[PDB]
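**Q** First, the structure itself, so that you have it in front of you.
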Amino acid sequence: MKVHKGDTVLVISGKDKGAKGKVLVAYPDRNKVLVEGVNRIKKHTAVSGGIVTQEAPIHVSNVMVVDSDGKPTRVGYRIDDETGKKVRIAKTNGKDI
RNA sequence: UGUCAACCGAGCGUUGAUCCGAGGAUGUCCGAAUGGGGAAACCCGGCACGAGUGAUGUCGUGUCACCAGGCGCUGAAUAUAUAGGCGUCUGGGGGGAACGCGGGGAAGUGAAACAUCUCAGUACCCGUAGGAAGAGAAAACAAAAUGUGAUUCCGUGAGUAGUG
RNA sequence: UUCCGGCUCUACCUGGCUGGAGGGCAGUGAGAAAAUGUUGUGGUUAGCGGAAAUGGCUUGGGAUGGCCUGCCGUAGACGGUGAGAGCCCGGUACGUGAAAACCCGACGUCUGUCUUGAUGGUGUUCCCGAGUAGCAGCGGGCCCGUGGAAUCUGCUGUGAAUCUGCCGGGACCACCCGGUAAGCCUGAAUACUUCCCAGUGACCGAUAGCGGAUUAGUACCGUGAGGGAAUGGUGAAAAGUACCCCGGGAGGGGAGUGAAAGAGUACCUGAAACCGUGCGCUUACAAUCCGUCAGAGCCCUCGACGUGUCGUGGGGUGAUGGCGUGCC
RNA sequence: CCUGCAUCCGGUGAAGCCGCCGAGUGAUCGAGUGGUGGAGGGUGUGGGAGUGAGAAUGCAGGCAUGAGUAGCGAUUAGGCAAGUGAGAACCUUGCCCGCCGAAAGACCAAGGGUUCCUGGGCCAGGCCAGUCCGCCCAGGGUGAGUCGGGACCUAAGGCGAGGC
Ligand SMILES: [Mg+2]
Ligand SMILES: [Mg+2]
Ligand SMILES: [Mg+2]
Ligand SMILES: [Mg+2]
Ligand SMILES: [Mg+2]
Ligand SMILES: [Mg+2]
Ligand SMILES: [Mg+2]
Ligand SMILES: [Mg+2]
Ligand SMILES: [Mg+2]
Ligand SMILES: [Mg+2]
Ligand SMILES: [Mg+2]
Ligand SMILES: [Mg+2]
Ligand SMILES: [Mg+2]
Ligand SMILES: [Mg+2]
Ligand SMILES: [Mg+2]
Ligand SMILES: [Mg+2]
Ligand SMILES: [Mg+2]
Ligand SMILES: [Mg+2]
Ligand SMILES: [Mg+2]
Ligand SMILES: [Mg+2]
Ligand SMILES: [Mg+2]
Ligand SMILES: [Mg+2]
Ligand SMILES: [Mg+2]
Ligand SMILES: [Mg+2]
Ligand SMILES: [Mg+2]
Ligand SMILES: [Mg+2]
Ligand SMILES: [Mg+2]
Ligand SMILES: [Mg+2]
Ligand SMILES: [Mg+2]
Ligand SMILES: [Mg+2]
Ligand SMILES: [Mg+2]
Ligand SMILES: [Mg+2]
Ligand SMILES: [Mg+2]
Ligand SMILES: [Mg+2]
Ligand SMILES: [Mg+2]
Ligand SMILES: [Mg+2]
Ligand SMILES: [Mg+2]
Ligand SMILES: [Mg+2]
Ligand SMILES: [Mg+2]
Ligand SMILES: [Mg+2]
Ligand SMILES: [Mg+2]
Ligand SMILES: [Mg+2]
Ligand SMILES: [Mg+2]
Ligand SMILES: [Mg+2]
Ligand SMILES: [Mg+2]
Ligand SMILES: [Mg+2]
Ligand SMILES: [Mg+2]
Ligand SMILES: [Mg+2]
Ligand SMILES: [Mg+2]
Ligand SMILES: [Mg+2]
Ligand SMILES: [Mg+2]
Ligand SMILES: [Mg+2]
Ligand SMILES: [Mg+2]
Ligand SMILES: [Mg+2]
Ligand SMILES: [Mg+2]
Ligand SMILES: [Mg+2]
Ligand SMILES: [Mg+2]
Ligand SMILES: [Mg+2]
Ligand SMILES: [Mg+2]
Ligand SMILES: [Mg+2]
Ligand SMILES: [Mg+2]
Ligand SMILES: [Mg+2]
Ligand SMILES: [Mg+2]
Ligand SMILES: [Mg+2]
């Protein structure tokens, strides 16, 4: 999907637009991902009762990977003549990701 | 780590999971059912080779219909010979929405009734194969033109020549 | 328009029969059939690459809304993404691309007739598809519904000829004209979709649409053939209301979630029959297909004028008089 | 209502619904205004309609009166003390009374399949309330050389290799 676990991502649209974050888990079936620090929601937990803060899934279409230089970039692909492994490339820079 | 539909506990994966493409094995029982039996999915055996017990009782893998056509042997009352009887190979028993071929084959209804007719060779049934089928190489038309030249399928030829 | 051999009883010359070797002929073929040795980016069964705005200002819960600036276009088809997206995502134009297998086409051992044979003439003796053709009786379908009844055909009797032979031109005779049945194969033009792949709708949107948007030919009914049902929309995510209180629960009130809780799993929008609570007017001496035309009082209201009184004023109620025989 | 064409409106609130105020000679109209809602609509000119309800003893769904009226499904009949629990004439214990007793009792085959026991509760059901249940939940429960059948034999009848 051009997005993996452990990458750095930025939000384009939504309540928390303009905030950077780090991805935790991915859901390819529903095309949704979970990012900490964005879309924080209050949940009622009762067993002892209280209110806690958690994170809800965000659709990937509203987020995209950031460049190592701190700028938003798309994802490109290249073919290596050495091993043939497919690599991710920053379109606006050409550097590998 | 499919799904109805959350939830728990358990785990794998960079040494390539999951997925999809092609081929390959296993495939309980019934179901043309074909070792024998029978109220579908339940009862009972023969033979050969293996496994187990001091021996029976037990268990695994094979094989054990019928019909027709070839091939070989045999030849009754009865003599020639046949029928019949044995051994061995080759084929068939059912299913499928529509499409074809050859037969059988109905009644409602119109005629303001109704026997002839029409409904109709329709519905249905029977025996049949295929991916298509059937038909097919003039004992054919026409009429004085020195004409066409296997078969099949469409449009006209006309709702006319006829028939009731 | 090749060579040799053995045969036409036999050995020798003449004329014929049959085998072994060039050179053509075709071959998966209806004209004969079986197998065995080397090519197409031919397509198909998956995939992969694939261009351009985090633009500014505004309403906003959310921009994919409005105004102004850019860029790509062999890609402004189509869907998803928190409200109508060419430049966010899935992909579309275009390019590529397969281990194995499929089928088609082309390139290669092998099979077999003929060259013992072909070409143009002549008079004589034999052949050209048997219970068939035709004839007579009884039935079919051709427009022909036995009528004069041609042709084809089913059954029963009788029953013919081989080239100056035979059958056909709607009876039939004569003359002309066409043809050679009584044996067998033959692709192309045509008919259809239980299945699979790709596409379309001035076709339907939950009493419509296939009987079937959900437990579907299920439940259910019938011992049988068989008949045959109704049941979608919370919201962006469940964040499905912690906690406190009344209470057995059911159920409810605060406080929070959220845009809304006039969204609380009985959850979009919520009409009419139907049942209500509060408010205003009226009725207990009355003979009404239940309305209309007049019509005092009371109440609500809009203006100008003041305590309430008029006005090219509106509304609800109606005490009381006249009129008055539902719809198809 | 759906459509070709040219236009305008719309999260600063589009579609229905409920009012007020008005308007046309009709089937009606309002780009005039108020509440509810949240996602597509109007005008102009052409083309196509499953295009207009009150009645067929019509059909699908919902709801009126009779009505808080009749009944609450026999020929025996209950009463008392105590207990459980929020609730008891209908549940548990104890004591009186009555009834059946060729059955209103104890069993077989046919007939149903979990109604049997233990433990849980009482929004569905029991013609009323239910602590109870032939309500449901979860678990457990069915022991044959000698009992009934098969491996033993046969009838009225069915199948039927050959065959007619
Ligand atoms: Mg497979
Ligand atoms: Mg096996
Ligand atoms: Mg069998
Ligand atoms: Mg059998
Ligand atoms: Mg045979
Ligand atoms: Mg003999
Ligand atoms: Mg068959
Ligand atoms: Mg008549
Ligand atoms: Mg008549
Ligand atoms: Mg006819
Ligand atoms: Mg075939
Ligand atoms: Mg033919
Ligand atoms: Mg023929
Ligand atoms: Mg004609
Ligand atoms: Mg805004
Ligand atoms: Mg925009
Ligand atoms: Mg489009
Ligand atoms: Mg989207
Ligand atoms: Mg749309
Ligand atoms: Mg893709
Ligand atoms: Mg006739
Ligand atoms: Mg005639
Ligand atoms: Mg003539
Ligand atoms: Mg001639
Ligand atoms: Mg002939
Ligand atoms: Mg054809
Ligand atoms: Mg509806
Ligand atoms: Mg039945
Ligand atoms: Mg809120
Ligand atoms: Mg409801
Ligand atoms: Mg509602
Ligand atoms: Mg009075
Ligand atoms: Mg009077
Ligand atoms: Mg009157
Ligand atoms: Mg009167
Ligand atoms: Mg419309
Ligand atoms: Mg607009
Ligand atoms: Mg709005
Ligand atoms: Mg509003
Ligand atoms: Mg709304
Ligand atoms: Mg128009
Ligand atoms: Mg019009
Ligand atoms: Mg018309
Ligand atoms: Mg209509
Ligand atoms: Mg009506
Ligand atoms: Mg009704
Ligand atoms: Mg009534
Ligand atoms: Mg009463
Ligand atoms: Mg009574
Ligand atoms: Mg009773
Ligand atoms: Mg009691
Ligand atoms: Mg008694
Ligand atoms: Mg007695
Ligand atoms: Mg008795
Ligand atoms: Mg029984
Ligand atoms: Mg039983
Ligand atoms: Mg019990
Ligand atoms: Mg209980
Ligand atoms: Mg109860
Ligand atoms: Mg009940
Ligand atoms: Mg129970
Ligand atoms: Mg036993
Ligand atoms: Mg018999
Ligand atoms: Mg037989």
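For the structure tokens, the naming scheme is as follows: chains receive sequential letters (A, B, ...) according to their order of presentation, residues are indexed from 1 within each chain, and ligands are indexed from 1 in presentation order.
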Quick one: residues within 8 Å of stretch 69-86 of chain A, only C-alpha atoms (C1' of nucleotides) counted, chain neighbours fewer than 5 positions away excluded, as a PyMOL selection string?

**A** (chain A and resi 2+10+64+91-92) or (chain C and resi 54)

**Q** Residues of chain C were defined as contacting chain A if any atom lay at most 10 Å from it, counting only C-alpha atoms (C1' of nucleotides); please report them as a PDB file with N, CA and C atoms (P, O5', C5', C4', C3', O3' and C1' of nucleotides), in the first residue's frame.

**A**
```pdb
ATOM      1  P     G C  49       3.820  -1.936  -9.527  1.00  0.00           P
ATOM      2  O5'   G C  49       4.380  -1.107 -10.766  1.00  0.00           O
ATOM      3  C5'   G C  49       5.773  -0.878 -10.913  1.00  0.00           C
ATOM      4  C4'   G C  49       6.092  -0.163 -12.202  1.00  0.00           C
ATOM      5  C3'   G C  49       5.359   1.145 -12.440  1.00  0.00           C
ATOM      6  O3'   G C  49       5.945   2.232 -11.746  1.00  0.00           O
ATOM      7  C1'   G C  49       5.313  -0.167 -14.411  1.00  0.00           C
ATOM      8  P     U C  54       1.671  19.470  -3.424  1.00  0.00           P
ATOM      9  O5'   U C  54       1.085  19.182  -1.971  1.00  0.00           O
ATOM     10  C5'   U C  54      -0.189  18.580  -1.809  1.00  0.00           C
ATOM     11  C4'   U C  54      -0.703  18.739  -0.401  1.00  0.00           C
ATOM     12  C3'   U C  54      -1.023  20.161   0.037  1.00  0.00           C
ATOM     13  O3'   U C  54      -2.300  20.591  -0.401  1.00  0.00           O
ATOM     14  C1'   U C  54       0.254  19.082   1.711  1.00  0.00           C
ATOM     15  P     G C  61     -18.567  23.890  12.933  1.00  0.00           P
ATOM     16  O5'   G C  61     -17.364  22.863  12.716  1.00  0.00           O
ATOM     17  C5'   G C  61     -16.564  22.409  13.804  1.00  0.00           C
ATOM     18  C4'   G C  61     -16.139  20.970  13.618  1.00  0.00           C
ATOM     19  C3'   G C  61     -15.864  20.560  12.176  1.00  0.00           C
ATOM     20  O3'   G C  61     -14.508  20.764  11.828  1.00  0.00           O
ATOM     21  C1'   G C  61     -17.403  19.047  13.151  1.00  0.00           C
ATOM     22  P     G C  62     -14.108  21.793  10.667  1.00  0.00           P
ATOM     23  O5'   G C  62     -13.528  20.854   9.520  1.00  0.00           O
ATOM     24  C5'   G C  62     -12.664  19.774   9.836  1.00  0.00           C
ATOM     25  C4'   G C  62     -13.210  18.473   9.310  1.00  0.00           C
ATOM     26  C3'   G C  62     -13.488  18.433   7.816  1.00  0.00           C
ATOM     27  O3'   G C  62     -12.329  18.141   7.055  1.00  0.00           O
ATOM     28  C1'   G C  62     -15.361  17.592   8.993  1.00  0.00           C
ATOM     29  P     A C  63     -11.419  19.327   6.466  1.00  0.00           P
ATOM     30  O5'   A C  63     -11.874  19.439   4.945  1.00  0.00           O
ATOM     31  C5'   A C  63     -12.002  18.270   4.146  1.00  0.00           C
ATOM     32  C4'   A C  63     -12.471  18.588   2.749  1.00  0.00           C
ATOM     33  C3'   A C  63     -11.522  19.447   1.916  1.00  0.00           C
ATOM     34  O3'   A C  63     -11.594  19.037   0.552  1.00  0.00           O
ATOM     35  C1'   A C  63     -13.606  20.522   2.077  1.00  0.00           C
ATOM     36  P     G C  80     -18.600   5.196  -4.227  1.00  0.00           P
ATOM     37  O5'   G C  80     -17.356   5.078  -3.241  1.00  0.00           O
ATOM     38  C5'   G C  80     -17.055   3.850  -2.597  1.00  0.00           C
ATOM     39  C4'   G C  80     -15.718   3.904  -1.905  1.00  0.00           C
ATOM     40  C3'   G C  80     -15.517   5.065  -0.945  1.00  0.00           C
ATOM     41  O3'   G C  80     -16.080   4.815   0.331  1.00  0.00           O
ATOM     42  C1'   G C  80     -13.627   4.862  -2.357  1.00  0.00           C
ATOM     43  P     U C  81     -16.670   6.023   1.208  1.00  0.00           P
ATOM     44  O5'   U C  81     -15.379   6.849   1.636  1.00  0.00           O
ATOM     45  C5'   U C  81     -14.341   6.236   2.384  1.00  0.00           C
ATOM     46  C4'   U C  81     -13.113   7.109   2.439  1.00  0.00           C
ATOM     47  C3'   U C  81     -13.327   8.510   2.985  1.00  0.00           C
ATOM     48  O3'   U C  81     -13.300   8.523   4.403  1.00  0.00           O
ATOM     49  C1'   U C  81     -12.021   8.597   0.997  1.00  0.00           C
ATOM     50  P     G C  82     -13.276   9.903   5.223  1.00  0.00           P
ATOM     51  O5'   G C  82     -14.663  10.593   4.862  1.00  0.00           O
ATOM     52  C5'   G C  82     -15.892  10.046   5.326  1.00  0.00           C
ATOM     53  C4'   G C  82     -16.726  11.087   6.027  1.00  0.00           C
ATOM     54  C3'   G C  82     -16.840  12.416   5.287  1.00  0.00           C
ATOM     55  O3'   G C  82     -18.118  13.002   5.530  1.00  0.00           O
ATOM     56  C1'   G C  82     -15.790  12.765   7.377  1.00  0.00           C
ATOM     57  P     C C  88      -3.316  14.924  -5.662  1.00  0.00           P
ATOM     58  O5'   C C  88      -3.447  13.695  -4.655  1.00  0.00           O
ATOM     59  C5'   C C  88      -2.860  13.742  -3.364  1.00  0.00           C
ATOM     60  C4'   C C  88      -3.462  12.711  -2.443  1.00  0.00           C
ATOM     61  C3'   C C  88      -3.563  11.297  -2.994  1.00  0.00           C
ATOM     62  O3'   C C  88      -2.349  10.574  -2.896  1.00  0.00           O
ATOM     63  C1'   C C  88      -5.615  11.902  -1.987  1.00  0.00           C
ATOM     64  P     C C  89      -2.046   9.361  -3.905  1.00  0.00           P
ATOM     65  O5'   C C  89      -3.153   8.270  -3.554  1.00  0.00           O
ATOM     66  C5'   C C  89      -3.022   7.447  -2.405  1.00  0.00           C
ATOM     67  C4'   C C  89      -4.133   6.431  -2.310  1.00  0.00           C
ATOM     68  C3'   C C  89      -4.279   5.475  -3.483  1.00  0.00           C
ATOM     69  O3'   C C  89      -3.356   4.402  -3.451  1.00  0.00           O
ATOM     70  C1'   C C  89      -6.402   6.315  -2.886  1.00  0.00           C
ATOM     71  P     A C 237     -19.754   4.968  10.816  1.00  0.00           P
ATOM     72  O5'   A C 237     -18.290   4.444  11.153  1.00  0.00           O
ATOM     73  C5'   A C 237     -18.052   3.637  12.294  1.00  0.00           C
ATOM     74  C4'   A C 237     -16.768   4.025  12.979  1.00  0.00           C
ATOM     75  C3'   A C 237     -16.697   3.722  14.466  1.00  0.00           C
ATOM     76  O3'   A C 237     -16.359   2.375  14.741  1.00  0.00           O
ATOM     77  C1'   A C 237     -15.981   5.939  14.082  1.00  0.00           C
ATOM     78  P     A C 238     -17.500   1.330  15.172  1.00  0.00           P
ATOM     79  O5'   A C 238     -18.034   1.889  16.565  1.00  0.00           O
ATOM     80  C5'   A C 238     -17.165   2.590  17.444  1.00  0.00           C
ATOM     81  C4'   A C 238     -17.637   2.539  18.876  1.00  0.00           C
ATOM     82  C3'   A C 238     -17.872   1.139  19.447  1.00  0.00           C
ATOM     83  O3'   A C 238     -17.502   1.116  20.827  1.00  0.00           O
ATOM     84  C1'   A C 238     -19.841   2.403  19.645  1.00  0.00           C
ATOM     85  P     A C 239     -15.967   1.285  21.273  1.00  0.00           P
ATOM     86  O5'   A C 239     -15.973   2.593  22.185  1.00  0.00           O
ATOM     87  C5'   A C 239     -15.459   3.822  21.694  1.00  0.00           C
ATOM     88  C4'   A C 239     -16.044   5.013  22.414  1.00  0.00           C
ATOM     89  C3'   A C 239     -17.485   4.884  22.885  1.00  0.00           C
ATOM     90  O3'   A C 239     -17.584   4.214  24.130  1.00  0.00           O
ATOM     91  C1'   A C 239     -17.199   6.946  21.759  1.00  0.00           C
ATOM     92  P     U C 241     -23.542   1.577  26.957  1.00  0.00           P
ATOM     93  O5'   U C 241     -23.679   2.772  28.001  1.00  0.00           O
ATOM     94  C5'   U C 241     -22.526   3.410  28.525  1.00  0.00           C
ATOM     95  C4'   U C 241     -22.781   4.868  28.807  1.00  0.00           C
ATOM     96  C3'   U C 241     -23.720   5.173  29.962  1.00  0.00           C
ATOM     97  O3'   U C 241     -23.064   5.128  31.216  1.00  0.00           O
ATOM     98  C1'   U C 241     -24.283   6.512  28.083  1.00  0.00           C
ATOM     99  P     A C 242     -23.327   3.919  32.241  1.00  0.00           P
ATOM    100  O5'   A C 242     -21.981   3.841  33.090  1.00  0.00           O
ATOM    101  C5'   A C 242     -20.834   3.182  32.574  1.00  0.00           C
ATOM    102  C4'   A C 242     -19.552   3.767  33.116  1.00  0.00           C
ATOM    103  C3'   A C 242     -19.505   4.021  34.613  1.00  0.00           C
ATOM    104  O3'   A C 242     -19.250   2.853  35.372  1.00  0.00           O
ATOM    105  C1'   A C 242     -18.660   5.906  33.472  1.00  0.00           C
ATOM    106  P     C C 243     -20.116   2.547  36.690  1.00  0.00           P
ATOM    107  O5'   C C 243     -20.174   3.947  37.450  1.00  0.00           O
ATOM    108  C5'   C C 243     -19.027   4.471  38.103  1.00  0.00           C
ATOM    109  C4'   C C 243     -19.277   5.858  38.642  1.00  0.00           C
ATOM    110  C3'   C C 243     -20.503   6.018  39.528  1.00  0.00           C
ATOM    111  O3'   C C 243     -20.288   5.601  40.864  1.00  0.00           O
ATOM    112  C1'   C C 243     -20.487   7.734  37.917  1.00  0.00           C
ATOM    113  P     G C 256     -21.735  17.877  32.606  1.00  0.00           P
ATOM    114  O5'   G C 256     -20.672  16.724  32.339  1.00  0.00           O
ATOM    115  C5'   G C 256     -20.044  16.601  31.073  1.00  0.00           C
ATOM    116  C4'   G C 256     -19.642  15.177  30.794  1.00  0.00           C
ATOM    117  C3'   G C 256     -19.599  14.784  29.328  1.00  0.00           C
ATOM    118  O3'   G C 256     -18.387  15.165  28.704  1.00  0.00           O
ATOM    119  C1'   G C 256     -20.762  13.132  30.564  1.00  0.00           C
ATOM    120  P     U C 257     -18.391  15.713  27.196  1.00  0.00           P
ATOM    121  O5'   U C 257     -18.644  14.407  26.324  1.00  0.00           O
ATOM    122  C5'   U C 257     -17.701  13.347  26.315  1.00  0.00           C
ATOM    123  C4'   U C 257     -18.085  12.284  25.320  1.00  0.00           C
ATOM    124  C3'   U C 257     -18.581  12.791  23.978  1.00  0.00           C
ATOM    125  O3'   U C 257     -17.522  13.141  23.108  1.00  0.00           O
ATOM    126  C1'   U C 257     -20.033  11.102  24.776  1.00  0.00           C
TER     127        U C 257
END
```

**Q** What do you get as a ChimeraX atom specification if you pick all residues at most 12 Å from ligand 30, counting only C-alpha atoms (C1' of nucleotides) and all ligand atoms?

**A** /C:265-267,270

**Q** Can you measure atom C1' of residue C:261 to atom 1 (Mg, counted along the ligand's line) of ligand 29 for me? One decimal in Å is fine.

**A**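 Separation between atom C1' of residue C:261 and atom 1 (Mg, counted along the ligand's line) of ligand 29: 9.2 Å.
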
**Q** I need the strand (DSSP E) residues of chain A per DSSP on the backbone, written as a PyMOL selection string.

**A** chain A and resi 8-11+20-27+32-35+40-46+49-55+58-59+63-65+75-79+86-90

**Q** Go ahead and save the residues from that selection, with N, CA and C atoms, as a short mmCIF file (atom, residue, chain, number, x, y, z; two decimals), in the first residue's frame.

**A**
```cif
data_model
loop_
_atom_site.label_atom_id
_atom_site.label_comp_id
_atom_site.auth_asym_id
_atom_site.auth_seq_id
_atom_site.Cartn_x
_atom_site.Cartn_y
_atom_site.Cartn_z
N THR A 8 7.17 7.23 9.40
CA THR A 8 6.76 8.54 9.88
C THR A 8 5.76 9.12 8.89
N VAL A 9 4.63 9.60 9.40
CA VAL A 9 3.50 9.98 8.56
C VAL A 9 3.00 11.36 8.99
N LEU A 10 2.36 12.04 8.04
CA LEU A 10 1.75 13.34 8.27
C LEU A 10 0.29 13.30 7.84
N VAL A 11 -0.52 14.15 8.46
CA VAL A 11 -1.95 14.21 8.20
C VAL A 11 -2.23 15.39 7.28
N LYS A 20 2.44 15.62 12.98
CA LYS A 20 3.21 14.44 12.60
C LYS A 20 3.01 13.33 13.62
N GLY A 21 3.27 12.10 13.19
CA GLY A 21 3.09 10.96 14.06
C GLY A 21 3.84 9.75 13.55
N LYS A 22 3.75 8.67 14.32
CA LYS A 22 4.41 7.41 14.01
C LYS A 22 3.37 6.31 14.01
N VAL A 23 3.36 5.50 12.95
CA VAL A 23 2.35 4.47 12.78
C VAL A 23 2.63 3.32 13.73
N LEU A 24 1.56 2.64 14.16
CA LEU A 24 1.66 1.50 15.06
C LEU A 24 1.23 0.19 14.42
N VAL A 25 0.02 0.14 13.84
CA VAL A 25 -0.50 -1.07 13.21
C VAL A 25 -1.17 -0.69 11.90
N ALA A 26 -1.37 -1.70 11.06
CA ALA A 26 -1.97 -1.52 9.74
C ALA A 26 -3.07 -2.54 9.53
N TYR A 27 -4.10 -2.13 8.77
CA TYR A 27 -5.25 -2.98 8.47
C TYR A 27 -5.52 -2.93 6.97
N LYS A 32 -7.19 0.92 6.56
CA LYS A 32 -7.12 1.86 7.67
C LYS A 32 -5.86 1.58 8.49
N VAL A 33 -5.33 2.64 9.10
CA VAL A 33 -4.13 2.55 9.91
C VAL A 33 -4.37 3.29 11.22
N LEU A 34 -3.57 2.95 12.22
CA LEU A 34 -3.64 3.56 13.55
C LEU A 34 -2.38 4.36 13.80
N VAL A 35 -2.55 5.64 14.14
CA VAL A 35 -1.43 6.54 14.40
C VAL A 35 -1.63 7.15 15.78
N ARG A 40 -7.57 11.49 19.13
CA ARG A 40 -7.65 10.95 20.48
C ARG A 40 -9.09 11.04 20.98
N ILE A 41 -9.60 9.93 21.50
CA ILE A 41 -11.00 9.82 21.86
C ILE A 41 -11.12 9.31 23.28
N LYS A 42 -12.13 9.79 23.99
CA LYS A 42 -12.39 9.41 25.37
C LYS A 42 -13.28 8.17 25.40
N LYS A 43 -12.88 7.18 26.19
CA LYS A 43 -13.62 5.93 26.32
C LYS A 43 -13.95 5.67 27.78
N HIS A 44 -15.15 5.15 28.01
CA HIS A 44 -15.60 4.79 29.35
C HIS A 44 -15.24 3.34 29.62
N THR A 45 -14.35 3.11 30.58
CA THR A 45 -13.94 1.77 30.98
C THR A 45 -14.47 1.51 32.39
N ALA A 46 -15.27 0.46 32.53
CA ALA A 46 -15.88 0.09 33.80
C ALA A 46 -15.65 -1.39 34.05
N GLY A 49 -14.32 2.16 37.76
CA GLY A 49 -14.78 2.87 36.58
C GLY A 49 -14.00 4.15 36.37
N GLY A 50 -13.84 4.52 35.11
CA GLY A 50 -13.11 5.72 34.77
C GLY A 50 -13.17 5.98 33.28
N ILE A 51 -12.53 7.07 32.87
CA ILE A 51 -12.48 7.49 31.48
C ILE A 51 -11.02 7.55 31.05
N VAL A 52 -10.72 6.94 29.90
CA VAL A 52 -9.37 6.87 29.37
C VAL A 52 -9.38 7.43 27.95
N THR A 53 -8.18 7.68 27.42
CA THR A 53 -8.00 8.23 26.09
C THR A 53 -7.33 7.19 25.20
N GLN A 54 -7.91 6.97 24.02
CA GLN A 54 -7.37 6.01 23.06
C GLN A 54 -7.33 6.60 21.66
N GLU A 55 -6.98 5.79 20.67
CA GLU A 55 -6.85 6.22 19.29
C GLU A 55 -7.72 5.35 18.40
N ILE A 58 -7.65 5.59 11.31
CA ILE A 58 -7.74 6.65 10.32
C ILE A 58 -7.52 6.03 8.95
N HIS A 59 -8.35 6.41 7.98
CA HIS A 59 -8.19 5.90 6.63
C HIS A 59 -6.88 6.40 6.03
N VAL A 63 -3.84 10.29 5.06
CA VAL A 63 -2.48 10.39 5.58
C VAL A 63 -1.51 9.94 4.50
N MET A 64 -0.26 10.38 4.62
CA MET A 64 0.76 10.00 3.66
C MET A 64 2.13 10.12 4.31
N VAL A 65 3.09 9.36 3.77
CA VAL A 65 4.41 9.27 4.37
C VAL A 65 5.17 10.58 4.17
N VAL A 75 5.55 8.15 -3.07
CA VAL A 75 6.37 6.95 -3.04
C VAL A 75 6.63 6.51 -4.47
N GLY A 76 7.89 6.20 -4.77
CA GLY A 76 8.26 5.70 -6.08
C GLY A 76 8.86 4.31 -5.95
N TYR A 77 9.03 3.59 -7.06
CA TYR A 77 9.63 2.26 -7.08
C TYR A 77 10.75 2.19 -8.11
N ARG A 78 11.76 1.38 -7.81
CA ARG A 78 12.89 1.14 -8.71
C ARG A 78 13.19 -0.35 -8.73
N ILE A 79 13.89 -0.78 -9.78
CA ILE A 79 14.33 -2.16 -9.94
C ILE A 79 15.85 -2.18 -9.86
N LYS A 86 12.44 -4.75 -4.75
CA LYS A 86 11.73 -3.51 -5.04
C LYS A 86 11.88 -2.55 -3.87
N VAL A 87 12.30 -1.32 -4.17
CA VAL A 87 12.61 -0.33 -3.15
C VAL A 87 11.65 0.85 -3.30
N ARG A 88 11.45 1.56 -2.19
CA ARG A 88 10.63 2.76 -2.17
C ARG A 88 11.52 3.99 -2.34
N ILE A 89 11.04 4.94 -3.14
CA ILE A 89 11.79 6.14 -3.50
C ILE A 89 10.93 7.37 -3.27
N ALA A 90 11.56 8.43 -2.77
CA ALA A 90 10.90 9.72 -2.62
C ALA A 90 10.82 10.39 -3.99
#
```

**Q** Could the residues that lie within 10 Å of ligand 4, counting only C-alpha atoms (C1' of nucleotides) and all ligand atoms, be listed as a PyMOL selection string?

**A** chain B and resi 33-34+36-38+65

**Q** Excluding stretch 85-97 of chain D and any residue of its chain fewer than 4 positions from it, enumerate the residues within 10 Å of it, using only C-alpha atoms (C1' of nucleotides), and give them as JSON, numbers by chain.

**A** {"C": [248], "D": [77, 78, 79, 80, 81, 129, 130, 131, 132]}

**Q** What does the distance between atom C1' of residue C:302 and atom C1' of residue C:280 come to in Å, to one decimal place?

**A**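 Distance reported for this atom pair: 20.5 Å.
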
**Q** Give the residue list for ligand 45 at 12 Å, counting only C-alpha atoms (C1' of nucleotides) and all ligand atoms, as a PyMOL selection string, sorted by chain and then by residue number.

**A** (chain C and resi 272-273) or (chain D and resi 53-55)

**Q** Tell me, as a PyMOL selection string, which residues lie within 10 Å of stretch 147-162 of chain D, counting only C-alpha atoms (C1' of nucleotides); anything in the same chain fewer than 2 positions away does not count.

**A** (chain B and resi 43-44+66) or (chain D and resi 144)

**Q** Counting only C-alpha atoms (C1' of nucleotides) and all ligand atoms, name the residues that have an atom within 12 Å of an atom of ligand 27; the answer should be given as a PyMOL selection string.

**A** chain C and resi 205-208+232-233+268-270

**Q** So which residues are near ligand 9, meaning at most 7 Å away with only C-alpha atoms (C1' of nucleotides) and all ligand atoms counted, given back as a list in words?

**A**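 Here is the list of contacting residues: residues 111, 112, 113 and 114 of chain B.
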
**Q** Neighbours of ligand 60 at 10 Å or closer, counting only C-alpha atoms (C1' of nucleotides) and all ligand atoms: which residues, as a PyMOL selection string?

**A** chain D and resi 124-127

**Q** With C-alpha atoms (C1' of nucleotides) retained, write the just-selected residues as a PDB file, in the first residue's frame.

**A**
```
ATOM      1  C1'   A D 124     -42.014 -15.260  25.958  1.00  0.00           C
ATOM      2  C1'   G D 125     -46.170 -19.601  27.363  1.00  0.00           C
ATOM      3  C1'   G D 126     -49.714 -21.953  31.528  1.00  0.00           C
ATOM      4  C1'   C D 127     -57.103 -18.988  30.060  1.00  0.00           C
TER       5        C D 127
END
```

**Q** Kindly work out which residues sit at most 9 Å from ligand 29, using only C-alpha atoms (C1' of nucleotides) and all ligand atoms, and give the list as a PyMOL selection string.

**A** chain C and resi 257-260
